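Scroll down for the structure; my scribbles are underneath it.
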Ligand SMILES: C[C@@H]1N[C@H](CNC(=O)Cc2c[nH]c3ccccc23)[C@@H](O)[C@H](O)[C@@H]1O
Ligand SMILES: C[C@@H]1N[C@H](CNC(=O)Cc2c[nH]c3ccccc23)[C@@H](O)[C@H](O)[C@@H]1O
Ligand SMILES: C[C@@H]1N[C@H](CNC(=O)Cc2c[nH]c3ccccc23)[C@@H](O)[C@H](O)[C@@H]1O
Ligand SMILES: C[C@@H]1N[C@H](CNC(=O)Cc2c[nH]c3ccccc23)[C@@H](O)[C@H](O)[C@@H]1O
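Chains as they are written, first to last, in the authors' numbering: chain A, 7 to 448; chain A', 7 to 448; chain B, 7 to 448; chain B', 7 to 448. A prime marks a further copy of an entry chain.
Rendered as C-alpha cells:
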C-alpha cells in the first residue's frame, strides 16, 4: 500500500503507459461553449498580463470576462443575449442535442491520441456529471445527461485511457468579483473550509465513479484542503496504481509537470516527465471568432508534437466543442491531418525515449529533433529538405548504418568534421510527408 | 492593490474622513428590542464581573439572561411572555411597523453625526438583511424588510457614511449554554469550521451588498477563521480604500481601536486613532427600565465628546430603538441637544487634530480640553466660568492673540508664572452654551 | 507599554520627527571600502538580473563578487592583491587613519540631513562596534575603534538623529557559495538557529549600547528568528517610543517602507510613509571606478529629493567613504550643493505633507511637484522655466493668491480653462537656483 | 536550478549512473574498529528486539553496548581494557598504521563495485575528515589524517563514484543513556537546536569539501532540522545534479530507498529505485568474533546480488576494516570471489532493468531471477542445474531464441504448457561458475 504521506507517495512515479503514449486530447466543454466567444488576442505568455483578463482569448473564461463591465465580452453579451441574461442561464441552453460520444472517441483514436481528458468542472463550477454535491450539473440541467460518464465509456470502448480535468483552484460559484489582474488570484478564491471539503468530495466522487487514469487539477488546490491530498492520492493509487496526477495541486507530489503555450515550455530536455498543453487555436473553450489565421496548421501540429516528444513530454492538445456537442470542422481537419502523419511515422514517436540531445539543425537551418528506441535513433527534420546533400551541424554518428525511415533504404553518410553529411535521393525525399525521417543505428 | 497579508494590509491606515468625523451613531436594534428590558445595574467597568451576567444592564443580552434561570430577566419573561415563549419567537413580534429610515437619518444628521453603524447581526444571531446564509433574518421573519439595506440608502441620501456592526465572536444560534462568568467566553463560542465559514460569508455578503464605510466587528473573530481576514480585508480595501475596520477581530490589523464605557478609556493622548462607545443610558439595546437617572444629560454628552475628541478619538454614541422602529424621546431629546451644541461649536470639533496636551484645569477646578486646526488652538472649558478673571493652571501661551470663539472678540491675557491668566467679559461668558470656548493663535 | 504582539505593535506608527525630516544620510563603510572597486554597470532595476551578480555595481558586494571566479572582481583582485589574499585580510588594512566623526557630522548637517545611518554590519559580517558576539569587528581588527559609538556621539552632538543599519538577512561569514542569480537568495543564507540567535543578540546589543532612532534591517530576517521581532520590537519601543523600524524584516510590522533605485519606487502618492535610498553614484560602498558620469549631479539630487518628498517619502542618500575614513570629493561636493539648495528652499520641504496630487507639468514639458504646510501649497518646478508665461496643465487653483517663494512677491495668475496660467517676472525667475518655486495659499 | 521546496526537489530523480551501477561498497570504519568486538547473535529482523541491544551483533555499536553495564560488551571490555578505560580513548588508539587508500580502491574495483561510501561520522560522533565543528575527528586524534578526503581521491582516481555516510539521527557525544529497547530511540537523541545546526553544518561541509555522489544519512534527521533539508538538498543538487540522497532523512524527498538485512526487504518488484545493504557477516564494523560461519559465502553473495538487482535494487555491501586500516582476509576473499563472478557475468547485471517479473523457479526447486537489457532477457539460475533437462515453472517465452550466456550457444526450448522447457548441454552447464545464465531475445 501507498501510505497517506509525501515520503510514501514519492514511491509512485509516472506510469509506463503515460510515458509511452505521447499524445492525448484535452476537451474544454461546458456552458461557456454556448456563447462560444472571445477576443482572440494572442498566446498565453505573449499577451501583457495588464490586458489579459480584459481581452481574454480563453473563451471558457466568459463568465469572468462578463463580470468585467465594458470588456468586449460584456458588450457582446448584452447585444446578443441581453443585460438580464445571467451566465448560469447558459446551463439551460447547453443541451448537447447532436452529441455522439462514440463519434468523438473514434475521431480521437483516428487522430492518433492515446488518452482523453475532459473538463469535469471548469472555473464556472458547472459539473458535467451527476455529482451529488451540487445541482449545477449536466444531469439536472442542460443535457440531462452524465457527459463525463458517457464519454468515459466511449473513450474506453475505443481502447483509449480516460482522465479527468477538475478546477480545484477556482470556482466562480463561490465568488462574485472577477479576476482583472494576476494579483487578484491571490485573494479572489473560494477560501472557505466548505469549498475545500467540496473539492475533495468531488474529486473523490470522480475517483469512485470513474477511476480515471489521470487526475488533472488546475489552478492549485485550496490551502485549507492541501493536506487532504495525501489521503486522496493514497486512496486513488491504491485503487489504481497505474493512475497519474499532474503538478497543479501546490503540494509536494506529482507524476508529471505541465507547460501551457509559452508558460513553462522547456528549451531542452528537462529531466522529468512533462506534458505541453494548448488549444488548436488560442482558446480552450470553443471560440466562434477564431478562423484559420488563429489555428495551428497540420504541419505546425506535427512540429509541435515532435519537439515536445523529443524533449520527453506528451502533447495534450485541446479540442473545444460547441454547445450542441459537435466538433468544429476547422478542429476536426487538423486532428485528422495529424492522425494521418502519425499513422505513417508513429514508430518514431510512440513508445520512444529521449536521446542524448533533443535537437540539431541543418547547415541551411532545417531544425532536427531526435527520439530513441533502444539502439535505434530516429532523426526527424521539421520539414523536407529540397536537395539531396544534407549537412547536419554539430553532430557525429557512430552507427555505421543510417536508413531512410519510410523505405528502409540504407543511405550514404560520413562524419565530416564537427558535422554529419548524408545523401538522400530525391525519390525518397519525395515520399516523406511533412517530415524527412531518418533512422540511425549504432 | 493591497495583498492578502498583514505586512501589506499594514499599508492601509485609518481614512481621513473617519479621523475628521469625530461623531457617529451606533444603533443596536433587533428582536431583543421587543422585550426591551434589563436591570440597569451600572456601567461596564464598574460592575463586578461576578454579578454582571446575572444582572446584565445590556438589554440586547436578553436571550443570554433568559437562559440563566432565576435571573431577573427570566422572572420578568415568564410573568410577561410565559415559560413557553422561546426567545426566537420575538422575531415574529419584531415588525418595525412605525419605522421610517429617512426620519432616522435626518435625526442623526440634525444630531451632528457624520456616520451611522447598525447591528447587522448581534449575539442572538438574527440578521437584519436578506442574507442567503440563514432564514433567521428580517426579510423572512418579523419586518419582512431589508433593514440594513433600507437604512443604508437613507443614511447616504442624508450624506452620512454608513458602516456595519457584525457579531463575529458570538452567535447564540450556535450554543445552548448561557455566559455566566467572563471565563465562560473562553469556551462557549460556536467553535466549528462551519461557523467560521458562516461569519466570513456573511461579512463578505455585507461588503458585496452594501460596501460599508466601516466594518465594526465585535467579540473577536473565530480562531478557525482568523486567517480568512487577510483575504477579506484585502478584498474590502481593494473595492473600498477609504473603508475602515475596527480592532475587535483578534488579528494583527486594525484601522482604529475602541473603548467601551470604562474599558480601555485613555487618560491621555494614546498615540493612535480610537473611538469611544457607550449607550445614552447603560444599555445598547432599548431598555424600558431606564429613566433619565440612567442617562447622560446633554451637558454630559458634550463633555464626553469633547474629552474623547481632544484625546484623538471619535465618539460612537448608541441609540437603542423600539421594536416598532421608533426612537424613544429620552434618546431623541439628547441627540438634538448635542446637535444644537455642535451647530454652534462644530468648528472646534470637526476636522480637528490633537494638540501637545489634551488637558488643563482652571485654578478653581474647571476642566479644560484642547483641540487644534493648523495654527489655531481651541480651548474648551467643560462648563462656563462665573467670574471674568480666569486662571488656567500649568499653561503658558506663545500666541500673542487669544479670542472668544463665539464672538471673535479678542481678549486680554498674560502668562503669569506657570499659569495663564485671561479676562472674559461676562457679556461674552453669557453668550456661551455649555462650554466657554476660547481660540488662541500662535 | 507595547506588548510583544503584532496587534499591539501596530499601535506604534512612524514618529513625527521621521515624517518631518525628509532627508537623511546613509553610510556604507566597511572593509570592502579598502579595495573600493566595482564595475559601474548601471542602476538596480535596469541591469538584467542574470548579469547583475556577475558585474555587480555595488562595491560593498566585493566579497560575493570575489567568490565568483573570473568575474571582473576576481580578475581585478588577483592582479591587484594576488590569489593568496583572502577578503578577510582587508579587515586589517581597514585603518580609518584620517577618520574624524565630528567632521562627518558637520558635513551632514551642512548638507541638510536630519538623520544619519551607518552600516553597523553589512553582508560580509564585519562589525563596526565592539560587539561581544564576534571578534570580526572594528575594535579588535583594523580601526581599533568603536566606529558606531563614536559616530553616534558626533551625530547627536550636531543635533541630528542616529540610526543603525544591520544586515540581518545575509552574513557571508556563515556561507561559502556566492550568490550568482537572484534565485540563490532563496537557499544560500546562514539558515541556522545559531545565526537567528546571533542576529537577535546583535540588534539587541545595538539597542542596548546606542538606542538608535531607526533600526534599518536589510535582506529580510532569518526565518527561524521572525517570531523574535515581536519581543525585540516591544523591547525597543518601550525603551524608545520615538524609535522606528523599516520594512525589511519580513514580518507584519514596520513604521515606513523602502524603495531602492528603481525597485518599489512609487509613481504617485503611496498612502503610507516610505523612504527612498540610493548611492550618489550606482554603488553604496565607495567605488574608485566611478566618475561624475556615474553620479547624480546636484540638480538631479535636488529633483530626486523633490519627487520623493512630494510623494510622502524621505530620501536616505548614501555616501561611500574610503578605508581611510575620508569622503571622496565627488560625493562631498554634491552633498554641499544639495545643502545649499536646502538652505534656500528648505521651508517647502522639511515639515511638509503631501498635497492632493504629487505632480503636474507645464505645457512645455517641465515637471512640477507639490508639497504642503497647512493652507500653504508649494509648487516646485524641476528646473527654471525660461519664459515669464507659465502654463501648468490640468490644474486649477481656488487660492486667489500665489507668491513667488524666494522673494515672496504676489503673482498674477488665472485658471484659463483646464489649465492654470501664471506670469513669473524674469527678474524673479532669474533669482531661483535649481527649481523655480511658487507658494500658493487657499 | 532546484528551488528549496519539496515540490521543486521532486524534479530530481535517481541519476542514471546510480541506477546502472548495481553494486557499491559500504565501509564502516571508526574507533570502534579498535576493539572490533561484538557477540554475533544473528541478523537484523530475526533477533528479538528485547534482546537486540543487549547482545548487539553490530560491532560499530560498541559504545552503546559498553554503556549497558553487564552486557557481553561491558564484561569483555572491563576484562580487556579495564574500567578506567573510556570508549573515547579508542580515538587515540585508532592509528590506521597500515592504511593505503589506493590499495582499498584497487580492491573495490577488482570486486566489481562501481561506488564507495565510507562512514564520515557514525553514532559515536567521531569524524573521519578534518571538520571545523569538532575536535573529535581523525585529523586531530588517532590517524592524524583526513581519511574521507584521502579515500575520495583514491576512489575517484580508480574511476569509481564516491559517497558519504553520516549519522544524522544519532550522536552519542550528545547523550549519556544507552539505547536498551527500540522505544528509547524515540526520546534518547541529541534533541537540541544546537545539534540540528551541527548536523546541518557538517553535511554542508562534506558537500563543500568533497561534493560526494551520494549523501547517505542514517537514523533519520533531527526534527528541529528537517526543514533545513529543503535548502541543503537544493544547494547540493545545484552544485551536483548527478548527486543523490537516500531515504533516511524522514522528509518528503529521497532518490532511492533502502533495506537492511531483513528490514524492508522487498519480496518482488517494488516500483521505485532502492538499495540493499548488509555486512559480509552480521556486523558493519569489524568484529574479530566472527568466523566464516557468520559470513555469507561467495555463492550467497552472488545470489544476494542477483536477487537484489532483479528487483531493481543496488547492493551496498559493507566491509569492516581493522583499526590498522587492513581489510580482514575473510572479507577480502569474498570481495574477490564476487569480483570474479562479475567479470564473467557482469553484462547480465550492470546497466540492466527489471523485467515483467523478477522471479521464477525450476520444477525441482532451483530459484531463478530475470534482468533485462532492451530485447535481451537474462535468465539467472541461483545455482547450476545438474540435469540437461530444465523445466521452468509458470513461464512461457515468445522469444524464439534462447542462448547460453557464457558461450552464446543457441539453445533448444519450447513452451510445454504452463511451463518452459530448455535443454542445456552438460558441456555448457559445466562451464558456468555459480549461476547458470541463459539469455533470451524477443
Ligand atoms: C488548460 C487551461 N489552464 C488554465 C490555467 N492555467 C494557467 O493559466 C497557467 C498555469 C500554468 N501552470 C499553472 C499552475 C497552476 C495554475 C495556473 C497555471 C485555465 O484557466 C484555462 O481555462 C484552461 O483550462
Ligand atoms: C457595543 C457593545 N459591545 C459589547 C462587547 N464588548 C465588550 O463587552 C467589551 C470589549 C471591549 N473590547 C472588546 C474586544 C473584544 C470583545 C469584547 C470587548 C457587546 O456585548 C454589547 O452587546 C454591545 O454590542
Ligand atoms: C541599501 C542596499 N540594500 C541591498 C539589499 N536590497 C536589495 O538589493 C533590494 C531590496 C529592495 N527592497 C528590499 C527588501 C528586502 C530585501 C531586499 C530589498 C544591499 O544588498 C546593498 O548592499 C545595500 O546595502
Ligand atoms: C547501516 C546500518 N544502519 C543502522 C541504522 N538503521 C537501522 O538499524 C535499521 C533501519 C532500516 N531503515 C532505516 C531507516 C531509518 C532508520 C533506521 C533504519 C546503524 O545503526 C548501523 O550502525 C549501520 O550503520
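Just so you know, even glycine gets a beta-carbon here, dropped at the ideal spot from N, CA and C.
If you look at residue 198(A), you'll find it isn't in any beta strand (DSSP E); DSSP assigns it neither H nor E. Following the DSSP letters along the chain, one finds residue 373(A') inside the beta strand (DSSP E) bounded by residues 373-379. Chain order gives the chain A' residues near residue 189(A) as 7 and 9, where near means a beta carbon separation below 8 Å. Residue 439(B') sits in coil when the DSSP states are folded into three classes, being neither helix nor strand. Taking 8 Å as the cut-off between beta carbons, the residues of the segment 193-226 of chain A' near chain A are 199, 200, 202, 203, 206, 207 and 214, in sequence order. When the five nearest sequence neighbours on each side are left out, the beta carbons in the same chain lying within less than 6 Å of the beta carbon of residue 424(A') are those of 400, in order along the chain.
Residue 446(B) sits in a strand when the DSSP states are folded into three classes. In this structure, DSSP gives residue 366(A') an extended state, which the three-state scheme calls strand.
When the beta-carbon positions are compared, residue 120(B') and residue 30(B') come within less than 8 Å of each other.
Taking residue 420(A) as the centre and dropping the five residues before and after it, the same chain places the C-beta of 427 closer than 7 Å to its C-beta, in chain order.
At a beta-carbon threshold of 8 Å, none of the residues of chain A lie near residue 281(B'); the nearest stands roughly 14 Å away. At a beta-carbon threshold of 7 Å, the residues of chain A' lying near residue 182(A) are 214, ordered along the chain. With a beta-carbon spacing of about 13 Å, residue 331(B') and residue 99(B') fall beyond the 8 Å limit used to define contacts. The shortest CA-to-CA distance from residue 160(B') to any of 144(B'), 251(B'), 137(B') and 112(B') is the one to 112(B'). For residue 348(B'), the enclosing alpha helix (DSSP H) starts and ends at 335-351. For the segment 248-264 of chain A, the beta-carbon criterion of a distance under 8 Å to any beta-carbon of chain B' is satisfied by 253, 256, 257, 258, 259, 260 and 263. Within the segment 133-204 of chain A, the complete beta strand (DSSP E) segments of 3 residues or longer fall at 170-172, listed in chain order. In chain order, 17, 18, 19 and 247 make up the part of chain B' whose C-beta sits under 9 Å from the C-beta of residue 277(A). Assignment of residue 33(A) by DSSP, reduced to helix, strand and coil, places it in the strand class.
Any Cβ of chain B closer than 8 Å to the Cβ of residue 241(B') would place that residue at the interface, and such an atom is present. Beyond the five residues adjoining it in sequence on each side, residue 378(B) comes within less than 6 Å, by CB distance, of 358, 359 and 361 in the same chain, given in chain order.
Collapsing the DSSP output to three states places residue 254(A') in coil. Apart from sequence neighbours up to five positions away, the residues of its chain that approach residue 405(A') with a beta-carbon distance below 8 Å are 383, 446, 447 and 448, ordered along the chain. Within chain A, the C-beta atoms nearer than 8 Å to that of residue 12(B') come from 12 and 258, in chain order. Judged by DSSP secondary structure, residue 107(B) falls within the alpha helix (DSSP H) whose first and last residues are 107-116.
Shortest gap from the CB of residue 225(B) to any heavy atom of ligand 3: under 7 Å. Within the same chain, Cβ atoms closer than 6 Å to the Cβ of residue 300(A) are found at 46, 287 and 288, the five residues on either side in sequence being excluded.
For the alpha helix (DSSP H) assignment, the uninterrupted runs of no fewer than 4 residues enclosed by the segment 216-299 of chain B' are, from N- to C-terminal side, 234-245.
Judged by DSSP secondary structure, residue 83(A') falls outside any beta strand (DSSP E) and instead within the alpha helix (DSSP H) spanning 78-86.
Between ligand 1 and the CB of residue 273(A), the shortest heavy atom gap is not smaller than 7 Å. In the DSSP assignment, residue 427(B) forms a beta bridge with 397(B) and 420(B).
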